[PDB]
Structures are given as structure tokens and as C-alpha cells.
């Protein structure tokens, strides 16, 4: 029905291709054999979260592997980790726009080389909330920039280029339905601001550098809230800009680890934080199992 597509005429003309940061090559690896059956891709910053994710899905799907292991498909490199259980692939992306951008360029080409179709991609992550209790799960409506607009900007051969951000509306509704059925945590739908710096780029007072006042950053966070922003993270704008352009249905599901209107460091005890950290995995693995049921 809907094949993954690239927006690059040069790919067709290449004899072989190397997915440098995955250590996978079309000369050595049989892409349709390895990945042709992939229907769900889940991505997140931490390699150990992504392995925890695949194990969670394994057990949900009863495709479980009880007493046994999920090999890292990227063994041989440590730029990203990658795991697979049935039609589900789990991929780490590190932190920040450039780190996920590289992963996405290589992932989208793998999916294309695998002859994948009807792929859903969901980012699971963590975030700072604005005016939400800690632990709230946010399903992103729009991924927005530091002016609270639905855009991703980058420089390409010296020229400022802008792409619109786009997340599948129907997917947001499907995820919300799952969350209501689960009833295990508060879930809200709102806008997610994506920044390039975690400290000064998100109005923190605890960096090595801070050129502004508590009152300054508070006015900034309030202005974000008024424009519909509910959480803050570092990957969502390029993720939304790229995935739509390539024929993938995409969502972003992040848990808030603190309320930024009240401060900058996490004051949840360790057991409570571990619980928050598995909420996006819980929702998404539940959602996948539903789809495969």
C-alpha cells in the first residue's frame, strides 16, 4: 500500500551504499531478509531504554524470548544501537538534532532498501514540562521551535532552509485512546518545543553559563505555555520535518520529569523517576500489541 520513499535522485545511481553509523552495507547485508517485515519503528535517546523497549514488546507480543537475548544489530559500532523483534525495530538516537538527523537519514534508507511499507515511527523520550505535574505523558500535537512555530530551520550550502513540521493527527488519537484504556498515568496532548541546548537553550539557571535572571526565564516559559507549549526536549522538530516528507506516519510520546515552572533539577526519588521513565515505553508497546492483535 504505502512504500517508504526517499527524496534523493542520487540514490538510484549508486552501485552500493554504506549506512556508516549502523555498520550495515548493501554489499554485505540482505536488507529485505533482515527488515522487510518491519511495520513499527520506535526510537529514543538512550540505548539501554531501547533494549528495554524491545524486551517489553517481545513479552507483550508473546513473541517472547524467555531466558534469552536480543542481539544489537549494530554490533561493531557504538554510534547507535538497534534491535528487532518481529515487525518491530527499536533504534537509539543519542541527544540533539544532529544525532537523530544522522540516524533518520540512515534509517529511512534501510527501510527503503528493505522494501518496507506502511511503517509507523514513534519517538519515545523524556522532557521538561511547563505547567504539568511531573510524570505527565505528553503526546505531541505540533513540534515547534524557540519562537513556538511549527518549523524546522537548517543551513544548506550556506542558505537558510525551512521545513514545516508534521505529525499524524490520527496517530495522536490512537495513542490517546490507548492511554485512556490503560489509565496508568495522566496523558495530555500539546505542543513540544525543540531546542539545541539543554541549559541556556531551555532557560535553566544551573548551567556552567547563564546570562539571564530567574524572572527572565520565567517570562520565557510562560510565553511558551500561552502559545500551547507543554513540554521541552531536543529531537522533535527534525524528526517531524523528515518523517512526513518520506512517507512515514510519525508520533512523539515523551514523559515529563519535572515541572520547569518550579525549577531545573529532578526532585523525584529514584524509584519514582524509574517509573516515569518507562511510561512512554508502556504506552507504545501497548499500542503496538493492540495493532498486531
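Positions refer to the first chain, counted from 1.
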Residue stretch of maximal mean CA temperature factor, 56-64 vs 227-235: 56-64
Higher-scoring stretch by recorded Cα B factor average, 151-159 or 93-101: 151-159
Out of 257, 252, 41, 248, residue topping the C-alpha B-factor column of the entry: 248
CA B-factor placement of residue 106, once the chain's modelled residues are sorted into thirds: lowest
Residue 265 - which third its CA temperature factor falls in, relative to the rest of the chain: highest
Within-chain third of residue 175 by Cα B-factor, per the entry: lowest
B-factor third for the C-alpha atom of residue 49 within its chain: lowest
Chain-relative CA temperature factor third for residue 167: highest
